[PDB]
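Trainee: My structure file data-v9.cif, mmCIF, C-alpha atoms and all ligand atoms, is below:
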data_final
#
loop_
_atom_site.label_atom_id
_atom_site.label_comp_id
_atom_site.auth_asym_id
_atom_site.auth_seq_id
_atom_site.Cartn_x
_atom_site.Cartn_y
_atom_site.Cartn_z
CA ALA K 1 14.21 30.14 17.24
CA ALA K 2 16.85 28.06 15.47
CA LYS K 3 19.01 26.85 18.35
CA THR K 4 22.70 27.71 18.34
CA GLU K 5 25.35 25.02 18.91
CA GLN K 6 25.94 26.47 22.40
CA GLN K 7 22.25 26.32 23.41
CA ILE K 8 22.20 22.80 21.95
CA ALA K 9 25.44 22.14 23.82
CA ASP K 10 23.66 23.41 27.00
CA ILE K 11 20.76 20.90 26.90
CA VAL K 12 22.84 17.86 26.03
CA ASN K 13 25.47 18.72 28.62
CA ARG K 14 22.71 19.56 31.06
CA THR K 15 21.05 16.15 30.60
CA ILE K 16 23.89 13.67 30.10
CA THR K 17 26.15 15.20 32.75
CA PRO K 18 24.12 13.84 35.65
CA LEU K 19 23.18 10.57 33.87
CA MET K 20 26.71 9.23 33.44
CA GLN K 21 27.28 10.54 36.94
CA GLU K 22 24.59 8.55 38.72
CA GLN K 23 24.42 5.59 36.35
CA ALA K 24 28.19 5.43 36.82
CA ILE K 25 29.01 5.36 33.11
CA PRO K 26 32.64 5.50 31.97
CA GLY K 27 32.21 6.87 28.46
CA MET K 28 29.37 8.17 26.30
CA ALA K 29 28.86 9.20 22.70
CA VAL K 30 25.70 11.10 21.79
CA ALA K 31 24.59 12.79 18.57
CA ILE K 32 21.76 15.23 17.94
CA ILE K 33 20.33 15.98 14.50
CA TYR K 34 18.72 19.40 14.92
CA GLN K 35 17.11 20.44 11.63
CA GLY K 36 18.92 17.62 9.85
CA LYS K 37 22.33 18.97 10.86
CA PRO K 38 24.54 16.68 12.94
CA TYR K 39 26.00 17.84 16.25
CA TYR K 40 28.33 15.41 18.07
CA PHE K 41 29.21 15.04 21.75
CA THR K 42 31.51 12.62 23.59
CA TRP K 43 32.35 12.15 27.27
CA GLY K 44 34.68 9.88 29.26
CA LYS K 45 36.69 6.95 28.03
CA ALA K 46 36.49 3.99 25.75
CA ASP K 47 39.17 2.28 27.86
CA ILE K 48 39.18 3.00 31.62
CA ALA K 49 42.42 1.10 32.17
CA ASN K 50 44.43 2.21 29.12
CA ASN K 51 43.26 5.80 29.64
CA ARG K 52 41.83 6.25 26.12
CA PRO K 53 38.75 8.45 25.73
CA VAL K 54 35.46 8.43 23.88
CA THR K 55 36.23 9.64 20.37
CA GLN K 56 33.92 10.46 17.48
CA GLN K 57 35.41 7.34 15.85
CA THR K 58 35.05 5.08 18.92
CA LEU K 59 33.16 1.88 18.19
CA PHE K 60 30.25 0.99 20.47
CA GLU K 61 28.34 -2.31 20.57
CA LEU K 62 24.75 -1.46 19.48
CA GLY K 63 23.18 -4.47 21.13
CA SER K 64 19.65 -4.74 19.74
CA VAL K 65 19.89 -1.52 17.65
CA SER K 66 21.58 -4.10 15.43
CA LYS K 67 17.96 -5.19 14.62
CA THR K 68 17.28 -2.02 12.57
CA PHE K 69 19.97 -3.17 10.13
CA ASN K 70 18.50 -6.70 9.96
CA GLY K 71 15.11 -5.22 9.12
CA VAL K 72 16.39 -2.82 6.43
CA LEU K 73 18.53 -5.61 4.99
CA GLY K 74 15.40 -7.78 4.86
CA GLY K 75 13.51 -4.89 3.24
CA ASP K 76 16.12 -4.44 0.48
CA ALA K 77 15.84 -8.20 -0.26
CA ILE K 78 12.05 -7.82 -0.26
CA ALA K 79 12.13 -4.93 -2.75
CA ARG K 80 14.38 -6.95 -5.03
CA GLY K 81 11.61 -9.59 -5.02
CA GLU K 82 14.02 -12.08 -3.40
CA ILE K 83 11.76 -12.87 -0.43
CA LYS K 84 8.15 -12.09 0.57
CA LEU K 85 6.93 -11.47 4.15
CA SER K 86 4.15 -13.97 3.48
CA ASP K 87 6.62 -16.75 2.47
CA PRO K 88 6.43 -19.98 4.51
CA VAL K 89 9.45 -20.37 6.82
CA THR K 90 9.90 -23.83 5.42
CA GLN K 91 10.58 -22.37 1.96
CA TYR K 92 13.90 -21.04 3.25
CA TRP K 93 14.81 -23.93 5.50
CA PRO K 94 13.24 -27.13 4.23
CA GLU K 95 15.43 -29.21 6.59
CA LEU K 96 13.32 -27.72 9.40
CA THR K 97 10.64 -30.39 9.68
CA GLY K 98 7.61 -30.25 11.96
CA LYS K 99 4.01 -29.11 11.79
CA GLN K 100 4.48 -26.33 14.38
CA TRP K 101 6.06 -24.40 11.49
CA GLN K 102 3.50 -24.82 8.71
CA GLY K 103 1.47 -21.61 9.30
CA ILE K 104 4.44 -19.46 10.26
CA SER K 105 5.57 -17.01 7.56
CA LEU K 106 8.43 -14.54 7.24
CA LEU K 107 6.34 -11.76 8.82
CA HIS K 108 5.97 -13.86 11.97
CA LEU K 109 9.75 -14.28 12.37
CA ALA K 110 10.60 -10.73 11.44
CA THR K 111 7.99 -9.30 13.82
CA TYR K 112 8.15 -11.64 16.84
CA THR K 113 4.60 -13.01 16.45
CA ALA K 114 5.43 -16.64 15.55
CA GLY K 115 3.99 -18.22 18.71
CA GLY K 116 6.42 -17.33 21.49
CA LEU K 117 9.92 -18.05 20.16
CA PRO K 118 12.23 -17.32 23.09
CA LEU K 119 13.98 -14.09 23.85
CA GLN K 120 17.34 -15.86 23.49
CA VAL K 121 18.56 -19.19 22.07
CA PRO K 122 19.59 -21.57 24.89
CA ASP K 123 23.35 -20.84 24.77
CA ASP K 124 23.80 -24.66 25.14
CA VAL K 125 22.91 -24.33 21.46
CA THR K 126 26.36 -23.34 20.18
CA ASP K 127 26.41 -24.86 16.70
CA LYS K 128 23.95 -25.01 13.79
CA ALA K 129 23.43 -28.73 14.29
CA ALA K 130 21.95 -27.61 17.60
CA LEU K 131 20.01 -24.57 16.24
CA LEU K 132 17.89 -26.87 14.05
CA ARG K 133 17.17 -29.35 16.94
CA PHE K 134 16.11 -26.32 18.95
CA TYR K 135 13.73 -25.09 16.28
CA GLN K 136 12.79 -28.67 15.49
CA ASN K 137 11.55 -29.28 19.03
CA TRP K 138 10.16 -25.80 19.75
CA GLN K 139 6.66 -25.70 21.18
CA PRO K 140 4.52 -22.65 20.37
CA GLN K 141 2.70 -21.02 23.28
CA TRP K 142 0.18 -19.43 20.88
CA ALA K 143 -1.00 -19.70 17.30
CA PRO K 144 0.63 -17.20 14.94
CA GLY K 145 -0.52 -13.58 14.86
CA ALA K 146 -1.93 -13.82 18.38
CA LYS K 147 0.63 -12.49 20.78
CA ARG K 148 3.75 -10.40 20.34
CA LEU K 149 6.81 -11.64 22.24
CA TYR K 150 10.07 -9.70 21.59
CA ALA K 151 12.77 -12.33 20.85
CA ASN K 152 16.28 -12.61 19.38
CA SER K 153 15.59 -16.14 18.12
CA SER K 154 12.64 -14.85 16.09
CA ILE K 155 14.10 -11.91 14.15
CA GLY K 156 17.52 -13.61 14.30
CA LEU K 157 16.06 -16.48 12.24
CA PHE K 158 14.55 -13.94 9.80
CA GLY K 159 17.91 -12.28 9.10
CA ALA K 160 19.55 -15.62 8.40
CA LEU K 161 16.73 -16.86 6.19
CA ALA K 162 16.19 -13.59 4.38
CA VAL K 163 19.68 -13.62 2.82
CA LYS K 164 19.43 -17.26 1.66
CA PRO K 165 18.22 -16.46 -1.83
CA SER K 166 21.13 -14.10 -2.61
CA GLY K 167 23.76 -16.73 -1.79
CA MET K 168 25.70 -14.33 0.49
CA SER K 169 26.24 -15.03 4.20
CA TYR K 170 24.55 -12.40 6.45
CA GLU K 171 27.77 -10.43 7.10
CA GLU K 172 28.48 -10.24 3.35
CA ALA K 173 24.97 -9.05 2.33
CA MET K 174 24.97 -6.61 5.16
CA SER K 175 28.31 -5.14 3.99
CA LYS K 176 27.68 -5.08 0.25
CA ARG K 177 24.00 -4.19 0.40
CA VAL K 178 23.63 -1.62 3.23
CA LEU K 179 26.97 -0.74 4.79
CA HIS K 180 28.83 0.05 1.57
CA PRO K 181 26.05 1.96 -0.21
CA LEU K 182 25.48 4.20 2.86
CA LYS K 183 29.24 4.56 3.33
CA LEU K 184 29.30 3.08 6.87
CA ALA K 185 33.03 2.56 6.83
CA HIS K 186 33.03 2.41 10.63
CA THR K 187 30.17 -0.04 11.14
CA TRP K 188 31.24 -3.63 11.58
CA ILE K 189 30.04 -7.09 12.54
CA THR K 190 33.61 -8.43 12.63
CA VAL K 191 35.86 -5.68 13.88
CA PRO K 192 39.15 -5.88 12.05
CA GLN K 193 42.54 -6.15 13.70
CA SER K 194 43.09 -2.69 12.18
CA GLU K 195 40.19 -1.13 14.12
CA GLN K 196 40.56 -2.73 17.54
CA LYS K 197 42.21 0.52 18.70
CA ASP K 198 38.85 2.30 18.35
CA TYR K 199 36.74 -0.47 19.84
CA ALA K 200 35.58 0.45 23.32
CA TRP K 201 35.50 -1.92 26.30
CA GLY K 202 31.99 -2.29 27.78
CA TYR K 203 31.93 -2.18 31.58
CA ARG K 204 30.13 -4.68 33.80
CA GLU K 205 30.84 -4.46 37.52
CA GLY K 206 34.03 -2.62 36.59
CA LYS K 207 35.15 -5.34 34.19
CA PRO K 208 35.88 -4.59 30.51
CA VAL K 209 33.73 -6.87 28.30
CA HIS K 210 33.01 -7.59 24.63
CA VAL K 211 29.94 -9.38 23.28
CA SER K 212 30.46 -13.11 22.89
CA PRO K 213 29.94 -15.34 19.88
CA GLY K 214 26.34 -16.65 19.70
CA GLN K 215 24.04 -18.37 17.19
CA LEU K 216 22.28 -15.45 15.46
CA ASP K 217 24.48 -12.90 17.20
CA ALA K 218 25.09 -10.77 14.13
CA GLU K 219 21.45 -10.70 13.06
CA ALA K 220 20.00 -9.66 16.41
CA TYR K 221 22.64 -7.91 18.58
CA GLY K 222 26.14 -7.99 17.09
CA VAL K 223 26.80 -4.77 15.16
CA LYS K 224 29.55 -2.39 16.17
CA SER K 225 29.44 1.19 15.11
CA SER K 226 30.55 4.69 15.82
CA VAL K 227 28.41 7.79 16.73
CA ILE K 228 29.60 9.27 13.33
CA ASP K 229 28.22 6.21 11.54
CA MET K 230 25.08 5.90 13.75
CA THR K 231 24.13 9.49 12.82
CA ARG K 232 24.43 8.72 9.06
CA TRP K 233 22.29 5.61 9.59
CA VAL K 234 19.66 7.69 11.44
CA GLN K 235 19.84 10.35 8.71
CA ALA K 236 19.29 7.76 5.99
CA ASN K 237 16.36 6.14 7.88
CA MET K 238 14.88 9.50 8.78
CA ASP K 239 14.70 10.20 5.00
CA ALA K 240 15.44 7.59 2.30
CA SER K 241 15.15 9.82 -0.80
CA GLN K 242 18.81 10.63 -0.21
CA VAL K 243 19.59 6.95 -0.81
CA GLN K 244 20.70 6.36 -4.37
CA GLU K 245 20.13 2.58 -4.41
CA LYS K 246 16.53 1.92 -5.44
CA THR K 247 16.21 -1.32 -3.46
CA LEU K 248 17.95 -0.12 -0.27
CA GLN K 249 15.67 2.96 -0.32
CA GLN K 250 12.39 1.00 -0.58
CA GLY K 251 13.78 -1.41 1.98
CA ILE K 252 14.01 1.44 4.50
CA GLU K 253 10.46 2.44 3.57
CA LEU K 254 9.45 -1.17 4.26
CA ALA K 255 11.09 -1.55 7.69
CA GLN K 256 9.25 1.60 8.89
CA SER K 257 5.90 0.38 7.44
CA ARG K 258 3.42 -0.68 10.18
CA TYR K 259 2.54 -4.40 10.33
CA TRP K 260 0.90 -4.85 13.74
CA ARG K 261 -0.46 -2.60 16.51
CA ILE K 262 0.40 -3.36 20.14
CA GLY K 263 -1.51 -0.68 21.87
CA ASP K 264 -0.28 2.75 20.77
CA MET K 265 2.88 1.15 19.42
CA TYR K 266 3.35 -0.19 15.93
CA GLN K 267 5.88 -2.72 14.69
CA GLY K 268 7.96 -2.39 11.50
CA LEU K 269 11.14 -4.36 10.73
CA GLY K 270 13.48 -3.88 13.69
CA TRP K 271 12.09 -0.35 14.10
CA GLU K 272 9.16 0.38 16.40
CA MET K 273 7.08 3.50 15.86
CA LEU K 274 4.53 5.64 17.60
CA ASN K 275 2.14 8.29 16.18
CA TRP K 276 3.68 11.77 16.87
CA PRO K 277 3.01 13.77 18.96
CA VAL K 278 3.68 11.11 21.64
CA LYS K 279 3.04 10.92 25.45
CA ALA K 280 6.40 10.88 27.20
CA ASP K 281 4.81 8.39 29.60
CA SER K 282 3.83 5.91 26.89
CA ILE K 283 7.37 5.44 25.57
CA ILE K 284 9.18 5.98 28.84
CA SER K 285 7.09 3.21 30.50
CA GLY K 286 6.62 0.94 27.46
CA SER K 287 10.42 0.61 27.39
CA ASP K 288 10.35 -1.17 30.72
CA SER K 289 11.45 -4.81 31.03
CA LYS K 290 7.87 -5.39 32.21
CA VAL K 291 6.12 -4.21 29.02
CA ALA K 292 8.89 -4.37 26.44
CA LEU K 293 9.67 -8.02 27.21
CA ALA K 294 6.08 -9.12 27.90
CA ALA K 295 3.82 -11.25 25.72
CA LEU K 296 1.17 -8.90 24.42
CA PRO K 297 -1.90 -9.00 22.19
CA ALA K 298 -1.16 -7.67 18.69
CA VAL K 299 -3.49 -6.25 16.09
CA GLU K 300 -2.47 -7.26 12.58
CA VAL K 301 -2.41 -4.23 10.29
CA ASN K 302 -2.51 -6.12 6.94
CA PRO K 303 -1.97 -4.72 4.37
CA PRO K 304 0.73 -2.96 6.36
CA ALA K 305 0.34 0.80 6.82
CA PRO K 306 2.93 3.02 5.10
CA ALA K 307 5.79 4.86 6.82
CA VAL K 308 4.41 8.28 7.76
CA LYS K 309 6.62 11.23 8.61
CA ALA K 310 4.70 11.93 11.84
CA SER K 311 5.87 8.94 13.87
CA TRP K 312 8.50 8.52 16.58
CA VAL K 313 10.89 5.88 15.22
CA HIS K 314 13.29 4.29 17.66
CA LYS K 315 15.06 1.29 19.03
CA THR K 316 16.80 0.26 22.24
CA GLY K 317 19.69 -2.21 22.59
CA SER K 318 21.82 -3.78 25.31
CA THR K 319 24.84 -6.02 25.64
CA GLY K 320 26.78 -7.01 28.79
CA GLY K 321 28.82 -3.82 28.93
CA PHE K 322 26.69 -1.72 26.58
CA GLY K 323 23.57 0.42 26.54
CA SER K 324 22.40 2.03 23.26
CA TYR K 325 19.42 4.11 22.12
CA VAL K 326 18.34 5.72 18.84
CA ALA K 327 15.26 7.88 18.21
CA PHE K 328 14.12 10.19 15.40
CA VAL K 329 11.12 12.24 14.22
CA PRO K 330 11.11 12.18 10.42
CA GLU K 331 8.67 15.04 10.25
CA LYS K 332 10.74 17.33 12.48
CA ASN K 333 14.11 16.09 11.18
CA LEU K 334 15.41 15.61 14.73
CA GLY K 335 17.15 12.48 16.03
CA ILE K 336 19.43 11.30 18.77
CA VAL K 337 22.08 8.64 19.06
CA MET K 338 23.09 7.70 22.63
CA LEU K 339 25.90 5.17 22.91
CA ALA K 340 27.29 4.21 26.32
CA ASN K 341 29.85 1.57 27.36
CA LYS K 342 27.99 0.29 30.47
CA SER K 343 24.51 -1.26 30.44
CA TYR K 344 21.95 0.81 32.36
CA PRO K 345 18.16 0.93 32.71
CA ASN K 346 16.20 1.45 29.49
CA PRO K 347 13.61 4.02 30.60
CA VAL K 348 16.53 6.08 31.96
CA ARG K 349 18.00 6.33 28.47
CA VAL K 350 14.59 6.91 26.95
CA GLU K 351 13.59 9.63 29.44
CA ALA K 352 16.96 11.31 28.81
CA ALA K 353 16.45 11.03 25.08
CA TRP K 354 13.11 12.80 25.67
CA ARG K 355 14.31 15.63 27.93
CA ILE K 356 16.74 16.78 25.24
CA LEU K 357 14.45 16.34 22.26
CA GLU K 358 11.55 17.94 24.08
CA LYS K 359 13.82 20.94 24.53
CA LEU K 360 14.53 21.09 20.81
CA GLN K 361 10.97 20.81 19.49
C1 LIG X 401 18.85 -6.15 22.58
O1 LIG X 401 19.53 -5.22 22.98
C2 LIG X 401 18.40 -7.22 23.48
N1 LIG X 401 19.41 -7.75 24.41
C3 LIG X 401 19.55 -9.10 24.57
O2 LIG X 401 18.82 -9.87 23.93
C4 LIG X 401 20.61 -9.37 25.57
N2 LIG X 401 20.66 -8.87 26.74
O3 LIG X 401 19.65 -8.01 27.18
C5 LIG X 401 18.96 -8.47 28.34
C6 LIG X 401 19.01 -7.42 29.44
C7 LIG X 401 17.46 -8.57 28.00
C8 LIG X 401 19.60 -9.83 28.65
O4 LIG X 401 20.26 -10.10 29.66
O5 LIG X 401 19.49 -10.81 27.85
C9 LIG X 401 22.01 -9.68 25.15
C10 LIG X 401 22.37 -10.22 23.94
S1 LIG X 401 24.06 -10.35 23.93
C11 LIG X 401 24.23 -9.73 25.45
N3 LIG X 401 25.45 -9.58 26.05
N4 LIG X 401 23.07 -9.41 25.97
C12 LIG X 401 17.07 -7.04 24.15
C13 LIG X 401 16.38 -8.27 24.70
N5 LIG X 401 16.18 -6.00 23.63
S2 LIG X 401 16.31 -4.42 24.20
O6 LIG X 401 16.16 -3.56 22.88
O7 LIG X 401 15.03 -4.16 25.09
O8 LIG X 401 17.59 -4.21 24.99
#
Could you quickly redo this structure as structure tokens?

Mentor:
Amino acid sequence: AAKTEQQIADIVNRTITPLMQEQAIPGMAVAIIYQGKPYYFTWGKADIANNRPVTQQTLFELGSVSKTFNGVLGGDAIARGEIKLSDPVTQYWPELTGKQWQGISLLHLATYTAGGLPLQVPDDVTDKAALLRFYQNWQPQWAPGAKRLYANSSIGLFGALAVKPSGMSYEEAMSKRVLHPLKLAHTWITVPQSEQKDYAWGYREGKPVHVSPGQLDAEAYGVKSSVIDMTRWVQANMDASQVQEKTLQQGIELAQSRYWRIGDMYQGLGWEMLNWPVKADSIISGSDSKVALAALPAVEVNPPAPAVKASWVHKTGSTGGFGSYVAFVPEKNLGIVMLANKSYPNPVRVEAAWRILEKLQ
């Protein structure tokens, strides 16, 4: 039976109540899409100290959910015939000399299968003069297409390279090409002076903290957004037909296309999918630092496989003071946006995201 807001309210309240409680979270913003209808919930505060609560306009740092944007942005550019996954990395950054790079294409970067590019850029690399040196001296652990090693410095470099052709900086392309078309008027990279009053404080050992500047920050973990906006983003990704821009639409279709298989999990652009129906255990345990962050053997699906409605699309993200999670089942038109201003364990988030959902399918 078609759940009623109050039965929906029951599940969500039932689940999140105790989470915040035991994970010691200050404020939370969660959204459920139940039969493609948005239902919003918000608990606690955005600012402990200045006693301001979690609003449906409150801005949360998305950490690595930022990557979904990067991947769709790259997909739009692909559709426009501006870039090609197969394109040599050199093509976009000729200055970047050194034979370690010759067989490394845009797919490698996008999908973290270049040869073990690190999870983060040595923050002693705080300028672009230094980002090239870094990449100039990098030493691959494995030949391309061998292992899969989640990394900011990988996809981060894709984002930055993928907008080269267009002549816009990343922030500008992002805005113009994805954010404006979708009407994400509350989704920022550089939060205006005007919006600072809606920008939550992330908590870390009781300290209020905002994500610091960082080479490739924007492209891998620097997008700020609100649960209203996150829900529209999920809605658009969960079904692209609604998208009027031809290129942005295809782009979304591209980022949810399957490029590699890493045992039961498939890799798109930013987005990671699983065949549905899915084993709670697979995704609750595959989300663990120990699997998620490990170098694993990947099976090249090339030509890529096409976005199928019976998949479990999703993406996790963290930042000092922030924990974020997004999941959606295209086929069932269900989704969930969980935004918290305190970083907590991944599989916690993911198991919570499952309890609810499970209850609504
Ligand atoms: C994305 O959320 C991403 N996070 C990072 O790369 C950073 N921190 O996360 C861990 C816990 C791994 C870290 O200490 O580095 C990060 C970037 S800016 C900031 N304040 N933290 C990770 C690696 N992927 S996720 O989707 O599994 O969280």

Trainee: Which residue, K:127, K:331, K:61, K:281, has the smallest gap to ligand LIG 401 (chain X) when you use all atoms listed in the file?

Mentor: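 The shortest atom-to-atom distance to ligand LIG 401 (chain X) comes from K:61.
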
Trainee: Compile the contact shell of residue 91 of chain K as a PDB file with C-alpha atoms, keeping the file's coordinate frame: residues with an atom at most 10 Å away, counting all atoms listed in the file, same-chain residues fewer than 5 positions apart removed.

Mentor:
ATOM      1  CA  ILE K  83      11.760 -12.870  -0.430  1.00  0.00           C
ATOM      2  CA  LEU K  96      13.320 -27.720   9.400  1.00  0.00           C
ATOM      3  CA  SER K 105       5.570 -17.010   7.560  1.00  0.00           C
ATOM      4  CA  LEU K 106       8.430 -14.540   7.240  1.00  0.00           C
ATOM      5  CA  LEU K 161      16.730 -16.860   6.190  1.00  0.00           C
TER       6      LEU K 161
END

Trainee: Just the residues within 7 Å of segment 199-203 of chain K, please, counting all atoms listed in the file, with nothing from its chain fewer than 5 positions along; format it as a PyMOL selection string.

Mentor: chain K and resi 46-47+58-60+208-210+321-322+341-342

Trainee: Any residue with an atom at most 8 Å from ligand LIG 401 (chain X) counts, using only C-alpha atoms and all ligand atoms. Which are they? Put them as number ranges by chain.

Mentor: K: 62-66, 119-120, 150-152, 210-212, 214, 217, 220-222, 287-289, 292-293, 315-324, 346

Trainee: For those residues, write C-alpha atoms to a file as a short mmCIF file (atom, residue, chain, number, x, y, z; two decimals), in the frame of the given file.

Mentor:
data_model
loop_
_atom_site.label_atom_id
_atom_site.label_comp_id
_atom_site.auth_asym_id
_atom_site.auth_seq_id
_atom_site.Cartn_x
_atom_site.Cartn_y
_atom_site.Cartn_z
CA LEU K 62 24.75 -1.46 19.48
CA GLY K 63 23.18 -4.47 21.13
CA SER K 64 19.65 -4.74 19.74
CA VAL K 65 19.89 -1.52 17.65
CA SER K 66 21.58 -4.10 15.43
CA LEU K 119 13.98 -14.09 23.85
CA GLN K 120 17.34 -15.86 23.49
CA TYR K 150 10.07 -9.70 21.59
CA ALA K 151 12.77 -12.33 20.85
CA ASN K 152 16.28 -12.61 19.38
CA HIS K 210 33.01 -7.59 24.63
CA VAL K 211 29.94 -9.38 23.28
CA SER K 212 30.46 -13.11 22.89
CA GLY K 214 26.34 -16.65 19.70
CA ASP K 217 24.48 -12.90 17.20
CA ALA K 220 20.00 -9.66 16.41
CA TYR K 221 22.64 -7.91 18.58
CA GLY K 222 26.14 -7.99 17.09
CA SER K 287 10.42 0.61 27.39
CA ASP K 288 10.35 -1.17 30.72
CA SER K 289 11.45 -4.81 31.03
CA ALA K 292 8.89 -4.37 26.44
CA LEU K 293 9.67 -8.02 27.21
CA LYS K 315 15.06 1.29 19.03
CA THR K 316 16.80 0.26 22.24
CA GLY K 317 19.69 -2.21 22.59
CA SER K 318 21.82 -3.78 25.31
CA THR K 319 24.84 -6.02 25.64
CA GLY K 320 26.78 -7.01 28.79
CA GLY K 321 28.82 -3.82 28.93
CA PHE K 322 26.69 -1.72 26.58
CA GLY K 323 23.57 0.42 26.54
CA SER K 324 22.40 2.03 23.26
CA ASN K 346 16.20 1.45 29.49
#

Trainee: Can you pull out the residues contacting residue 304 of chain K? Cut-off 8 Å, using all atoms listed in the file, and skip same-chain residues under 6 positions away; I want them as number ranges by chain.

Mentor: K: 257-260

Trainee: Quote the spacing between atom CA of residue 313 of chain K and atom CA of residue 68 of chain K in Å to one decimal place.

Mentor: 10.5 Å

Trainee: May I have the centre and edge lengths, in Å to one decimal, of an axis-aligned box around the listed atoms of segment 182-190 of chain K with 4 Å added to every side, as JSON?

Mentor:
{"center_x": 29.5, "center_y": -1.9, "center_z": 7.7, "size_x": 16.1, "size_y": 21.0, "size_z": 17.8}

Trainee: Which residues come within 9 Å of segment 18-29 of chain K, counting all atoms listed in the file, excluding same-chain residues fewer than 6 positions away, as number ranges by chain?

Mentor: K: 40-48, 53-56, 58, 60, 200, 202-203, 226-227, 337-345, 348-349, 352

Trainee: Go through K:149, K:75, K:160, K:117 one by one, measure the shortest atom-to-atom distance of each to residue 290 of chain K using all atoms listed in the file, and give the residue with the smallest value.

Mentor: K:149

Trainee: If we count all atoms listed in the file, what is near residue 8 of chain K at a cut-off of 12 Å, once residues fewer than 3 positions away on the same chain are taken out, given as a PyMOL selection string?

Mentor: chain K and resi 1-5+11-15+31-35+37-41+356-361

Trainee: Name the closest residue to residue 82 of chain K among the candidates K:145, K:165, K:122, K:94; distances are taken between atoms, counting all atoms listed in the file.

Mentor: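 Comparing K:145, K:165, K:122, K:94 against residue 82 of chain K, the winner is K:165.
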
Trainee: Mind giving me the straight-line distance from atom CA of residue 253 of chain K to atom CA of residue 307 of chain K in Å, one decimal?

Mentor: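 If I compute the distance from atom CA of residue 253 of chain K to atom CA of residue 307 of chain K, I get 6.2 Å.
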
Trainee: K:157, K:327, K:299, K:73: which is nearest residue 215 of chain K, counting all atoms listed in the file?

Mentor: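 Smallest separation from residue 215 of chain K among the options: K:157.
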
Trainee: Hey, which of K:100, K:250, K:231, K:237 ends up closest to residue 139 of chain K? Count only C-alpha atoms.

Mentor: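 For residue 139 of chain K, the nearest of the given residues is K:100.
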